[PDB]
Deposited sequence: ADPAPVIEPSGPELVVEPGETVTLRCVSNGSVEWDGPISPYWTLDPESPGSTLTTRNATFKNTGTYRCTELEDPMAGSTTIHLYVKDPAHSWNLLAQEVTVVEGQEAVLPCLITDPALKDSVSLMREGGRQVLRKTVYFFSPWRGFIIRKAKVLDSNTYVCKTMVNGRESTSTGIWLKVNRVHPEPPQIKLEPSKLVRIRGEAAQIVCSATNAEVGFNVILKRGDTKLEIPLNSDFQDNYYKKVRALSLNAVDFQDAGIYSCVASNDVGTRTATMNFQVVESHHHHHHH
């Protein structure tokens, strides 16, 4: 494994101070780090180096140097105006998964004056199971969909209170895919100068999606019907007709779409 300078486990500095992270190792190595553009790089022969002439709280974080072809140090920049260094403002994960809220504390001393909250000074839901990690922020293990929210990291030390901006967390019970589509009936000729119905529905885990029915390239105007059933939302566009013409005939399309994509299904209607 490589060698780091200055080194050991945890390095703490006052802001403004200059700091260089040298990775002493054979030939080329590499810095896995929570940083840019607040550090300066220089990967040479004796290894790589990270430098800053002004150590700012934004420099707080964990840096790892690995044998390009295995050594880590964590830097805290003790600044009182800022008790937190936010590595990201939004985190996405899957049900059951671990969720890190990159609220990195900037002063090991604060270790015991930390708390995870929701906005407005509201506590986090009782069903949310989490713990604090000095190097990584507050963490949620086995994240549930209900843990999805916007959280804030606080530190109240004798009247003094320091709170990070919001971290938007989103948990999905499954990876998001375009909504599922059903065209019922799959085909039909119910030629009569009259009666016929065509139902186009779509399914999704969240409400944010639309569904339209089309004849050829023309979108029809059908009212929307919506509901929630097992653990999903359903939306229908039901075409009802009482006496069909020859312009009613053609290829129908049920189209649905959300943030992820569009899903389409085709059916053929004939009337002679």
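Colleague: Note down, first to last, the deposited-sequence stretches for which the model contains no C-alpha atom.
Modeller: Going by the record, the segments left unmodelled (no C-alpha atoms) fall at 1-3, 73-77, 281-289.
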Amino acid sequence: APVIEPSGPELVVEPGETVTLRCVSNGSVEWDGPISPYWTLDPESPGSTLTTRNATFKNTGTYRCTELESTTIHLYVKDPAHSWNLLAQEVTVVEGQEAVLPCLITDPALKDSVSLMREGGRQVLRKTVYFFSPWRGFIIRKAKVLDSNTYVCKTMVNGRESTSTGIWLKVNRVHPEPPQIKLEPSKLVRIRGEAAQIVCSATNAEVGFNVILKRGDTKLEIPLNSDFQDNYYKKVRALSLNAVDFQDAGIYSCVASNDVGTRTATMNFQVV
From here on, numbers count along this sequence of modelled residues.
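Colleague: Looking only at CA atoms, which has the higher mean B factor in the entry: 106-114 or 198-206?
Modeller: Of 198-206 and 106-114, the stretch with the higher C-alpha B-factor average is 106-114.
Colleague: Would 95-103 or 184-192 have the larger average of its C-alpha temperature factors, as given in the entry?
Modeller: Taking the mean B-factor of the alpha carbons in each, 184-192 is higher.
Colleague: So among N85, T155, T165, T150, who wins on Cα B-factor in the entry?
Modeller: Among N85, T155, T165, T150, the PDB entry lists the largest C-alpha B-factor for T155.
Colleague: Choose from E221, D217, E30, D227 the residue with the greatest Cα B-factor as stated in the PDB record.
Modeller: The listed residue with the largest C-alpha B-factor is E30.
Colleague: Grab the CA temperature factor for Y63 from the record and place it in the lowest, middle or highest third of its chain.
Modeller: It falls in the middle third of the chain.
Colleague: Among the chain's modelled residues, which third holds the C-alpha B-factor of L75?
Modeller: It belongs to the middle third of the chain when residues are ordered by C-alpha B-factor.
Colleague: How does the C-alpha B factor of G261 compare with the rest of the chain: lowest, middle or highest third?
Modeller: Lowest third, going by the recorded CA B-factors of the chain.
Colleague: Within this chain, which third does the Cα B-factor at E161 fall in: lowest, middle or highest?
Modeller: Highest third of the chain for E161's C-alpha B-factor.
Colleague: Based on the entry's values, in what third of the chain does the Cα temperature factor of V13 lie: lowest, middle or highest?
Modeller: Middle third of the chain for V13's C-alpha B-factor.
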